[PDB]
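# Structure assessment
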Amino acid sequence: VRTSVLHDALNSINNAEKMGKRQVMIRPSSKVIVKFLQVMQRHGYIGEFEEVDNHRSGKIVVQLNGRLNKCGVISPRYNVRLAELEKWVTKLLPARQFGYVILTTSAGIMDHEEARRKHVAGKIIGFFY
Amino acid sequence: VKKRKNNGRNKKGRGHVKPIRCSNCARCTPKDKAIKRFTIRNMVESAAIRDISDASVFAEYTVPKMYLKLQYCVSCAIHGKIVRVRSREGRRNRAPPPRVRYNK
Amino acid sequence: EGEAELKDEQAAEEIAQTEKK
Amino acid sequence: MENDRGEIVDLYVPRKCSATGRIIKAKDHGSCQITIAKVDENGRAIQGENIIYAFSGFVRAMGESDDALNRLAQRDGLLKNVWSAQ
Amino acid sequence: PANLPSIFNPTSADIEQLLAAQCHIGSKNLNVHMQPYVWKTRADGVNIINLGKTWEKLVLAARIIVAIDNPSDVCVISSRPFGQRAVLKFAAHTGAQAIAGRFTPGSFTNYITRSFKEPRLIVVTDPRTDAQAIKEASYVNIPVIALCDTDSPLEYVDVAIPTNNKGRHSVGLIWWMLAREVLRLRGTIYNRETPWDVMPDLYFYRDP
Amino acid sequence: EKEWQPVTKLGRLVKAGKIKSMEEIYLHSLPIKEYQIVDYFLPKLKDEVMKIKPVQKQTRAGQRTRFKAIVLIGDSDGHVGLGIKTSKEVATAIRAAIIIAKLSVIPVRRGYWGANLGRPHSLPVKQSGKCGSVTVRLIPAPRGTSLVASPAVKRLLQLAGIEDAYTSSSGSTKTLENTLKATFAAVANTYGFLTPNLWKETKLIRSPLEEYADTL
Amino acid sequence: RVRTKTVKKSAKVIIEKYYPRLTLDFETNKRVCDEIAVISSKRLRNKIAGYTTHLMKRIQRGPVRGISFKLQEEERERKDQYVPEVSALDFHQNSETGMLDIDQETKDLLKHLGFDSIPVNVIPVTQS
RNA sequence: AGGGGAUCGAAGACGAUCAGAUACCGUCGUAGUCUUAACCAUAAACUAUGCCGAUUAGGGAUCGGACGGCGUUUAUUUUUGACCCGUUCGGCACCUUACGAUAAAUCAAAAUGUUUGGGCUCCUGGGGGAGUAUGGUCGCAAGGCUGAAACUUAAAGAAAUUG
Ligand SMILES: [Mg+2]
Ligand SMILES: [Mg+2]
Ligand SMILES: [Mg+2]
Ligand SMILES: [Mg+2]
Ligand SMILES: [Mg+2]
Ligand SMILES: [Mg+2]
Ligand SMILES: [Mg+2]
Ligand SMILES: [Mg+2]
Ligand SMILES: [Mg+2]
Ligand SMILES: [Mg+2]
Ligand SMILES: [Zn+2]
């Protein structure tokens with residue numbers, strides 16, 4: 001059964017982008033998904049998105065323009081201290097200059113770079129570069 | 001290695017099929033795996049048609065036909081030269097052979 | 001067994017240039 | 001491209017596909033350039049002024065470069081009512 | 001009209017010439033990638049191509065042809081019997097090399113063959129029957145424009161001209177008209193309104 | 001030995017000095033089929049043979065031996081290539097292999113680990129390649145360290161001009177020729193990754209082949 | 001009796017190079033060959049003349065694929081232009097009633113393109 | 001343990017072949033082959049491919065239900081039933097193609113995996129000894145389940161090329 005709508009959304013986006021598409025379909029919509037999209041937008045990796053609101057759950061249509069390399073999800077939400085947060089950036093990011101690892105904390109979700117300035121840690125939910 | 005996609009049986013979507021008896025060695029093979037040939041022939045060979053025609057008592061006569069359906073196992077298939085070995089690429093071709101319609 | 005002509009090739013450079021005693 | 005004190009250090013800067021935006025690698029045979037002439041008011045062809053497009057081998061291999069060309073021509077005003085969204 | 005004036009609308013003569021050659025008749029198979037250039041399929045019959053959309057896209061193809069500096073870099077291919085004469089006559093009137101009949105594969109890759117060429121553009125009558133030529137054209141980065149019917153492969157073909165592609169009159173008429181536009185875009189005809197002095201039947205085929 | 005007769009358009013243009021430098025040829029990705037092109041523009045290219053191995057083939061009389069040679073070329077400042085060719089005799093195999101190795105020259109992309117001091121020294125990203133059960137990994141490294149790699153691939157990375165990198169291998173690395181081909185693909189993919197610094201739009205220009213006129 | 005390439009190359013080149021001055025008679029070909037050729041053997045001289053005189057038998061009765069003697073050569077590019085007085089595609093004169101027949105959605109294309117003034121008649125086609 | 005027992009046919013008895021033939025070939029023939037009431041739980045029990053969920057390419061067939069339409073046939077005749085064209089749902093399958101994957105044969109999954117994390121269960125680590133010895137447990141028995149060690153060896157094995 002459906003165990004990660006976020007995983008389904010990122011997998012569909014990655015497939016469409018690898019295939020050269022410009023628009024993608026996401027069937028389930030949630031607060032984590034919608035708050036995820038503006039985080040995607042602020043770095044220029046995606047374009048406009050529209051969520052049609054049927055009475056069941058709503059849908060998502062994001063517009064791609066290339067420019068996106070990969071977007072994945074970590075399924076077991078590990079607990080990470082602040083001191084070893086650079087281990088993950090050493091693990092699953094091509095370089096420190098670009099790329100972001102997204103964390104979830106009590107002050108909303110954010111990337112690992114602004115999370116370091118906030119001097120906060122939490123749980124891991126995904127990454128993109 | 002797989003030599004054929006259909007396992008040389010043509011049975012996908014079911015578990016069992018009743019067997020039949022080979023017409024030459026009386027072997028048991030699945031009905032879908034055996035080779036089936038339908039044959040239509042005359043009562044008498046073509047040279048005897050006139051002899052029957054002028055020996056009949058009904059002026060013009062039309063000799064009846066004969067219908068048989070023989071079925072063989074694969075072991076009897078290529079020993080009687082009913083079927084023959086094909087090449088690797090020619091194996092995957094299930095179109096019936098084009099019978100000669102001019103005969104030189 | 002292509003080791004016959006390595007003594008006086010001078011048209012290529014080998015990996016372990018065999019040092020002579 | 002990288003920089004240290006305002007000077008370029010990369011050996012060369014590759015180009016980008018117009019249809020998809022992917023960079024066309026060297027020795028990537030099957031990637032082409034399209035040059036379209038420019039006409040004047042009385043129908044003659046202006047020499048030396050043109051707009052250039054580039055397509056990568058991947059989109060040609062899939063076979064949609066014709067529709068990409070339709071998109072580019074309509075965006076730059078080279079064609080009329082040839083492409084539309086259903 | 002960002003990059004074209006209003007003089008490029010098709011002239012009155014063109015539409016009759018086009019529908020008199022049965023250029024609007026297709027085959028049963030309908031390709032998915034050419035669906036945009038299809039209005040609807042006839043009830044219990046063939047598809048119908050729009051000659052009106054053919055006109056502007058053909059003009060754009062001529063505008064591609066004119067952009068090459070010297071005409072000798074353009075090469076035109078044909079294998080089926082119906083196009084040898086039309087291709088050679090197109091080569092004679094404009095500047096271009098023509099390959100009619102057998103292609104002798106390896107022409108663009110082997111530098112020891114007699115028919116060794118370094119063209120800058122390729123024009124193909126039919127992608128299906130000239131599929132081999134496209135394969136080596138994909139090796140050395142040369143664009144190809146080709147004439148296509150309703151069912152046809154689109155591999156490595158930037159420009160496709162929707163036409164009957166199998167009729168006797170249609171192929172010749174399209175090749176003649178393409179020559180007419182290339183000469184119109186150059187200074188040979190000197191005017192859009194003046195008529196050309198060659199008759200449409202010259203770009204045809206004769207049995208003997 | 002003596003002066004060569006050009007067969008392609010590029011040979012005549014280069015011989016007349018009508019083209020500026022190699023970088024537009026790489027930008028426009030045109031195929032190269034004539035080996036005087038590389039060595040006329042790029043002297044002091046060093047070449048290096050790995051080993052020579054016999055190959056057999058049976059016949060009624062007995063067997064029959066062929067020789068396979070492994071050769072790569074490079075200048076240690078961003079150009080590298082390799083070629084594979086077999087022949088009945090070593091001298092022919094090596095000379096033809098050198099020719100194809102010159103035909104196979106490719107550029108590499110360098111960069112700065114961590115902070116930028118100029119003097120490019122390492123890979124921009126992490127890249128790896130696989131070719132038939134062989135996988136080779138390249139990792140950016142800090143300035144100063146030596147090459148951490150097998151002796152076979154250390155020569156290729158030395159000749160590529162890269163000074164610091166980290167390497168990791170997996171699968172059946174026993175086929176040295178296959179390992180080298182995988183390393184060449186890994187180095188070949190350095191310019192294929194789209195880093196954020198290439199986001200600025202570039203201007204398209206007409207190719208030299210179209211805008212130059214060849215000689216008769 | 002099968003001939004190798006050595007005779008074949010010489011027979012094609014001599015036949016295409018010198019077509020009109022020589023004819024179907026074998027006796028002539030025998031004495032003509034050596035002034036226009038350098039051949040070291042008499043029997044090979046007979047071989048070439050013997051086949052060439054047989055080939056001209058098929059030249060006199062139709063064409064052979066792969067041979068274009070000069071006389072044959074001029075005529076093709078001299079018959080390049082054949083002109084019928086009235087165009088076959090043209091129908092203003094060829095058809096007694098200038099107005100032609102089209103289908104419904106073809107006339108609908110005419111409305112879409114704006115060239116309504118063309119006089120044509122639409123006839124339905126359907127079997128189902 | 002009862003009933004039934006036409007035909008074949010383990011075991012067995014003869015006739016041939018062969019140097020020998022306890023077999024292949026031919027004539028007979030018991031248990032069995034059928035059924036009622038109870039045990040046994042193993043098969044190349046094979047798609048040699050675990051179950052649930054999401055995405056990814058073109059095509060044409062075909063079985064069941066529903067929807068639209070131009071016509072033909074036909075009846076106490078219309079609507080229904082039979083045939084034809086197009087769309088959709090759910091299946092047993094097939095052809096081409098590789099942007100992808102594998103050592104390869106080949107695969108719309110064996111893809112979305114070195115750029116490695118959707119959820120769940122089981123099993124293997126060079127070849128023999130060995131599915132053996134021993135203990136336990138189920139069964140009237142035949143047997144099933146669980147399952148070693150001593151010792152020995154540098155090769156066994158998979159896909160493809162030339163003969
Ligand atoms: Mg079933
Ligand atoms: Mg079974
Ligand atoms: Mg009993
Ligand atoms: Mg017996
Ligand atoms: Mg018996
Ligand atoms: Mg029983
Ligand atoms: Mg078992
Ligand atoms: Mg199972
Ligand atoms: Mg109905
Ligand atoms: Mg084997
Ligand atoms: Zn049998």
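Residues numbered from 1 in each chain as written, not as in the entry; some residues may be left out. Chains lettered and ligands numbered in written order. Part of a larger assembly, values for the part shown. Heavy atoms only, no water.

Looking at the entry header, you'll see cryo-EM listed as the method and 3.2 Å as the resolution.

The PDB entry lists chain F under the name 40S ribosomal protein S2-like protein, with Thermochaetoides thermophila DSM 1495 given as the organism. This entry appears in the Protein Data Bank under the title "Cryo-EM structure of the ribosome-associated RAC complex on the 80S ribosome - RAC-1 conformation". Within the UniProt record for chain F, the comment given under Sequence similarities (unreviewed entry) is "Belongs to the universal ribosomal protein uS5 family." (UniProt positions renumbered as here; feature names shortened; annotations may be inferred.)

With the PDB entry as reference, chain B is termed 40S ribosomal protein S26, source organism Thermochaetoides thermophila DSM 1495. Under Sequence similarities (unreviewed entry), UniProt gives the following word-for-word description of chain B: "Belongs to the eukaryotic ribosomal protein eS26 family."

### Some points on the sheet that holds strand β7 (residues 166-171) of chain F
Residue and element names in this part refer to chain F. Pairing within the open sheet is antiparallel, and its 3 strands lie in the order β5-β6-β7. Sheet topology places β5 (127-130) and β7 at the edges, where each strand pairs with a single neighbour. Looking at each pair of strands side by side, their axes are set apart by 10 degrees on average, direction ignored. As judged from the 4 bridges shared by β5 and strand β6 (residues 134-139), these two strands associate in the antiparallel manner. (Pairing = 2+ DSSP bridges. Helix = DSSP H or I, 4+ residues; strand = E, 2+ residues; numbered from the N terminus. Axes fitted to C-alpha atoms, helices over the stretch in contact; angles between N-to-C directions.)

### Things to note about the packing of aromatic side chains
With the rule as written, the count across this model stands at 15 aromatic pairs over all chains. Residues A:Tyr45 and A:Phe128 carry aromatic rings whose centres are separated by 5.7 Å and whose planes lie at 75 degrees to one another, so their mutual orientation is edge-to-face. On the criterion of sequence distance, the pair formed by A:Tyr45 in the loop between α2 (31-41) and β2 (49-50) and A:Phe128 in strand β8 (residues 122-128) is long-range, its members being 83 residues apart. Each member of the pair, A:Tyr45 as well as A:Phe128, carries the same accessibility label: buried. Grouped by ring-pair contacts, the aromatic residues A:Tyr45, A:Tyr100, A:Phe128 and F:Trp199 constitute a single cluster. Stacked on the ring of G:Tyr51, the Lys or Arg G:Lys8 has its end atom at 4.1 Å from the ring centre. (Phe/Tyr/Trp six-rings, centres within 6.5 Å; stacked < 30°, edge-to-face > 60°. Buried < 20%, exposed > 50% of the residue type's maximum accessible area, 1.4 Å probe, protein only. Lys NZ or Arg CZ within 6 Å of the ring centre and 35° of its normal.)

### Topic: the protein's contact with RNA strand H
Inspection of the region around RNA strand H gives 38 residues, with A:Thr3, A:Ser75, F:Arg60, F:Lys130 and F:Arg137 positioned closest. Among all atoms of RNA strand H positioned within 4 Å of the protein, those belonging to sugar or phosphate total 81%. A:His7 places a polar side-chain atom, nitrogen or oxygen, 3.5 Å from a sugar or linking oxygen of RNA strand H. Within the contact set of RNA strand H, a sugar or linking oxygen lies 2.7 Å away from a side-chain nitrogen or oxygen of F:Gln58. Put simply, the parts of the chain that give the surface near RNA strand H at least two residues each are α1 (5-18) of chain A together with β5 of chain F. Top contributing element to the surface near RNA strand H by residue count: α1(A), with 5 residues. The residue inventory of the surface near RNA strand H, partitioned by class, reads 11 nonpolar, 15 polar and 12 charged. (Near = heavy atom within 4 Å. Polar contact = N/O pair within 3.5 Å; in protein donor to acceptor, adjacent residues only side chain to side chain. Nonpolar A, V, L, I, M, F, W, Y, C, P; charged D, E, K, R; others polar.)

### Regarding helix α4 (residues 90-103) of chain F
Residue and element names in this part refer to chain F. Over its 14 residues, α4 runs 20 Å from end to end, which matches the ideal 20 Å to within 8%, given 1.5 Å per residue. Residues of α4 that are buried include every one of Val 90, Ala 93, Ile 94, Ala 97, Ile 98, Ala 101 and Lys 102, and no others. The buried residues of α4 all sit within an arc of 160 degrees when viewed along its axis, so they share a single face. (Expected span 1.5 Å × (residues − 1). Arc of directions from axis to C-beta.)

### What to know about the pairing of strand β3 (residues 60-63) of chain A
All names here are of chain A. Going residue by residue along β3, you find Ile 60 and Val 62 tucked away on one face and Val 61 and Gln 63 left uncovered on the opposite face. Pairing of strand β1 (residues 23-26) with β3 involves 4 bridges; the strand directions are antiparallel. Bridging across to β3, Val 24 finds its partner in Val 62. Direction of pairing for β2 relative to β3: antiparallel, over a ladder of 2 bridges. Within the sheet, the bridge partner assigned to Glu 50 lies in β3 and is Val 61.

### A short note on a positive patch on the surface
Residues and elements named next belong to chain B. On the surface, a cluster of positive charge is contributed by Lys 2, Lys 3, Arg 4, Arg 9, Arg 27, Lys 33 and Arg 91. By the element assignment, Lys 2 lies in the segment before β1 (19-21). A relative accessible area of 57% places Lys 2 in the exposed class. (Patch = residues over 30% accessible without salt bridge, like charges linked within 9 Å, V, L, I, M, F, W, Y side chains within 5 Å. Areas by Shrake-Rupley, 256 points an atom, 1.4 Å probe, with all protein chains shown as cover. Salt bridge = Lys/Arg side-chain N within 4 Å of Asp/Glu carboxyl O. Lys, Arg positive; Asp, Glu negative; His and termini not counted. Charge placed at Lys NZ, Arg CZ, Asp CG, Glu CD.)

### A short note on a nonpolar patch on the surface
Residues and elements named next belong to chain B. A cluster of nonpolar side chains, namely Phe 38, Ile 40 and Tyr 67, defines an oily patch on the protein surface of about 380 Å² accessible area. Its place among the elements puts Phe 38 in strand β3 (residues 35-42). The class for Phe 38 is exposed, based on a relative accessible area of 59%.

### Describing the pattern of salt bridges
What the rule picks out here adds up to 24 salt bridges over all chains. Residue F:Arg109 is joined to D:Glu2 by a salt bridge in which the shortest nitrogen-to-oxygen separation is 3.5 Å. Taken as a pair, F:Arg109 in the loop between β4 (106-107) and β5 and D:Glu2 in the segment before β1 (32-39) lie in two separate chains rather than in one. Taking relative accessible area as the criterion, F:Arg109 reaches 5% and is therefore assigned buried. D:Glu2 sits in the buried class, given a relative accessible area of 17%. F:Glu48 serves as the salt-bridge partner of F:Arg155, at 4.0 Å between the closest nitrogen and oxygen. Placement of the pair is F:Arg155 in helix α5 (residues 151-159) and F:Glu48 in strand β1 (residues 46-55), with a sequence separation of 107 residues. Here the salt bridges share partners, and the residues they tie into one network are D:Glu2, D:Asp10 and F:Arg109.

### Considering the packing of helix α3 (residues 84-93) of chain E against helix α5 (residues 168-185) of chain E
Residue and element names in this part refer to chain E. Two numbers describe how α3 lies on α5: the axes approach to 10 Å, and their chain directions differ by 5 degrees. Compared by their axis directions, α3 and α5 come out roughly parallel. Between α3 and α5, the residues in contact are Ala 86, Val 87 and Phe 90 and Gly 172, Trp 175, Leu 178 and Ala 179, respectively. Across the contact of α3 with α5, the residue classes tally to 6 nonpolar, 1 polar and no charged. (Parallel < 35°, antiparallel > 145°, perpendicular 65-115°, else oblique. Contact = heavy atoms within 4.5 Å.)

### Looking at the arrangement of the chains
Contacts are most numerous between chains D and E, considering all 8 pairs of chains that are in contact. Regarding chain A and chain E, the two do not touch, and the least distance separating their C-alpha atoms is 15 Å. Chain G makes no contact with chain A, the minimum C-alpha separation between the two being 31 Å.

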